[PDB]
Structures are given as structure tokens and as C-alpha cells.
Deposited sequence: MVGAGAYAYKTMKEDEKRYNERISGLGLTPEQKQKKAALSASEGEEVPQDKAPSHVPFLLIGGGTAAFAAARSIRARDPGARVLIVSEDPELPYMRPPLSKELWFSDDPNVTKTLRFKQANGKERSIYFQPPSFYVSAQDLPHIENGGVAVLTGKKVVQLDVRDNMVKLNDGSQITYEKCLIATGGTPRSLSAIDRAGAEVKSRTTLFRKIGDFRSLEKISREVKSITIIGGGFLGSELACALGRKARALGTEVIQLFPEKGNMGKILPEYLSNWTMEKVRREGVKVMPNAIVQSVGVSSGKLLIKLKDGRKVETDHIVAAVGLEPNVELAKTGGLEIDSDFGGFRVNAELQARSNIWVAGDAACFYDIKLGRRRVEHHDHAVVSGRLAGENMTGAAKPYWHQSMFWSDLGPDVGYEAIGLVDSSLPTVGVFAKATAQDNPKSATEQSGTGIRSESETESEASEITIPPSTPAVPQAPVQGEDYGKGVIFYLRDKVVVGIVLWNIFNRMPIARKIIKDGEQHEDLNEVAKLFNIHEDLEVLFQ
């Protein structure tokens, strides 16, 4: 498709934050003409299903349909909207009452803030009246894998996109051993997914990471340790306290050497070791980057310059209640994207409604969280019967909450963090989550 020379609303990146902004812009300006520029070839879609529901689908064609049943039981697509919801970029300036167009397979490579203009990888130039940067991030790699050969790189997956789910799902049906490097939520979710698939095929799934347990940087040690046992019981060989020294090929198999004496033989590697914000457009744009948290530095309204906002994983924003942060959650991309779209239509609203996070580690372990969640903060945990709540404290105030197997109570956790009261007994607060 050809890109129009001018568009009122330009959204750079075609992910969750961009789509939520497009929906928000259209809801507030019913005749709005919104162009999304996406380097990926796919229309906007949500990523959480790529490590969860799509692996537990009953439909054996799930790799083709990309449909899944939600907790409510209703089936849906990973795509936020079907193609019929969008208009073509060529017809965008002509269609009555405007619409939302997605220019796929195109990357914005230059940003001219003074002239309100971008340049694409094919030389096309597009002027805008208001611009959203929603470029997300790029998965990090391991130094050991960067130093390894080309064969190792070709057998290492950085799990982010639909193509990664399709390649890894097919690999899980062809090889006998897959090793996941990374103890975060993504690595743990993939371990449970591959663990379930391995039980039916009789294959091997290994997860190794330097922490003492899964999500060691997020959950307290005792809860991190308990989570590791549940991941192990999903058919996963979990190796905590594991630092990769090198990776090589030995008789067709990948050989992982750890800083200790242990060695791991496997057929394929999946690296889930964090994200790097896509901030390359800051150079040509003269946009400030945050050296502490990374990403584009924006204010409480997600604004960088007069006609430029940033949302999603790439936005380092000022939280008037919690301080300067950068969040990499799905619901944050939705909330921050929606907020940006509103401010692109004159709302002038600060980030106020805190976004939630969630993770499913099998069918028996569900986590929900909100606010500042970091195992380095002091914590108070209250548990009962299997379930519990963990409060993260700062300045004698709750700044983060993790709900373990407690659902439909995120608004309560959100209000506790908003009120910012110095509680004399967190066990009484725990009763708000039906913990007695």
C-alpha cells in the first residue's frame, strides 16, 4: 500500500499501545484519520496468548487460526481487530468519516520534529499533525550466544512475535530437548507451555537462570521458591543459580557450559532475558532518553514535545504518585496508549489509573500485580487456603501488590495504592482480598 503524504494522527509502531491509541482517538474524534506504521507484516495483535493460551488450545489448527478461548470461555483472535475494521492507507484521506489504516512492512527510520514529518525505510515521507511513538522494545540476547557461532545463533529463539510462536511450536514437535534461558515471567510461561507439550510427546524441557528461583527479581524468596516447584511439576527441569559461560555445538546438539561445573545438552535454546526499548528515533528527532530506566523520557501526560507522545514499553513517564518509571506490561500498553490518544485529542490527562499485570504459570498458578513490584523492596505477605497477597512497601506505604490466585479484586489493590495510607496492620488490609 502507498502511504499518504499527510495524515492527522500518525502512530509509529503497530502493537498494543498503538492500537489502543487508535481506538481512543477514534472514540473521541469520530471522523479521525489515523495511520499506523508497522515494521511487522501483521496487523496489531496482543502478545500474551503467544506464551499461554495458544499452547493450551484444543484446536489442532491453532498455529494457523491464532484463535483461543478466554477465561470467560469465549473464543477470539490474537488480533485486536479483523482486517475489515481497518481502511487502506491510500484511501484514508478520502473515506467518509475517516478510519484507521495500518501500513505494514514499513519502518519509520527518521523523525523530523520541527517539520512534523517522518521518513520510511523506502524513502516515503509523511507529515503529521500529532504523532505517537509506540515502538515497544527488542528482546535482549546473551553475550555467550553472541560470542557463539552461526549455528548456535540459528538454533536460538528470541520469543516475541507470531513467527516465534510458530517456529518454536514446530520445533517442539521435532526435537527432544529445548532449553529456556531466563527466570522471568516469559521464560516461566514458556516452560509450562513446553512442559505440557513435552508430557504428551515424552520430550525434555529445561529452564535455567541465575536467580535462586523463578521470578527471583519480582517475588519474595519463599514465593519464588514455591513457584519453581510448581514449574518443575509441569514437567520442567529447572536449574536455578545458573550463569551461562559459553554455548557450542557437540555432535549436532547444543552444549551449554555454566559458570559452575554443570553442563547442559539440548537441541534448541529459547532466550527470554529481557527487553531493550526501541529508541533509535530519538537521535534524528532530538528526543531525550532516560539513562536510568531507558526509553523515551516523557512527562505525566506521556508527552515528549508539543505534538509527540510516547506510550507502551518505550515510554519512560512520570508517575505523579509512584515517580518516574518505565513499564513493560500488556495492560500498561493499553492504558498508556488509550491515555495518549485522549491527550492527542486535547484531554491533557496525567497517568493516574494504574495498569495491572498478570501471569499464568499453568492452570493452577495465577498471578496478578499492580504498582512497584520488586523483590528488593520490603514485603509483607499474607496467605491462606493456596492463595495470598504480597504488599510491597516504601515510605511506610503500599506501592505494589501481588495477588496469588486471587482474581477480580485488582480494583481493590488499585485503590489501596492510590489512597497511600500508612496501615497499622496489613492483615486487616488482607481481608479486603478475602484472606482470613
* Where are the gaps relative to the deposited sequence? -> 1-49, 435-484, 536-543
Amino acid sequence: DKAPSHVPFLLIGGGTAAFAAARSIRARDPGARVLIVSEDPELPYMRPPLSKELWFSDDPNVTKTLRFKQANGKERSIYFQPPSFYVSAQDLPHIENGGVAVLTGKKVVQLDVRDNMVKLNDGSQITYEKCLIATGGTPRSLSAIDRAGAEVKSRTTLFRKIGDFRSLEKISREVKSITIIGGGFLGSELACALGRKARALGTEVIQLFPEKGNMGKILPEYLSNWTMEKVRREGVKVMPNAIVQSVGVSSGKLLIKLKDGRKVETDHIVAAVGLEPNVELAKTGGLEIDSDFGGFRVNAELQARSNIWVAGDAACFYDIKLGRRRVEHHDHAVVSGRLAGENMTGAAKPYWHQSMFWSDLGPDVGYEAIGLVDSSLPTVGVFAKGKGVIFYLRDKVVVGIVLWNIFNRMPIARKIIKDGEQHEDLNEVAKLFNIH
From here on, numbers count along this sequence of modelled residues.
* Asked: Checking the other PDB entries with both flanking residues built, is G73 absent in a third or more?
  -> yes
* Asked: Among the other entries of this protein that model both neighbours of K385, is it absent from at least a third?
  -> yes
* To do: Between 410-418 and 423-431, point out the one with the higher average CA B-factor as the PDB entry records it.
  => 423-431
* To do: Give the stretch, out of 357-365 and 282-290, with the larger mean C-alpha temperature factor in the deposited entry.
  => 357-365
* Asked: Which has the highest CA B-factor per the PDB entry: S141, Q81, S188, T104?
  -> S141
* Structure fact -> The largest CA temperature factor among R199, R326, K349, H332 is found at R199
* **Entry-reported Cα temperature factor of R166, expressed as the chain third it lands in** => middle
* Structure fact -> Chain thirds by Cα B factor, record data; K74 belongs to the highest
* **Lowest, middle or highest third - CA B-factor, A384** => highest
* Asked: Comparing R338 with the other modelled residues of its chain, is its CA B-factor in the lowest, middle or highest third?
  -> lowest
* Asked: So where's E276 on the chain's Cα temperature factor ranking, which third?
  -> middle
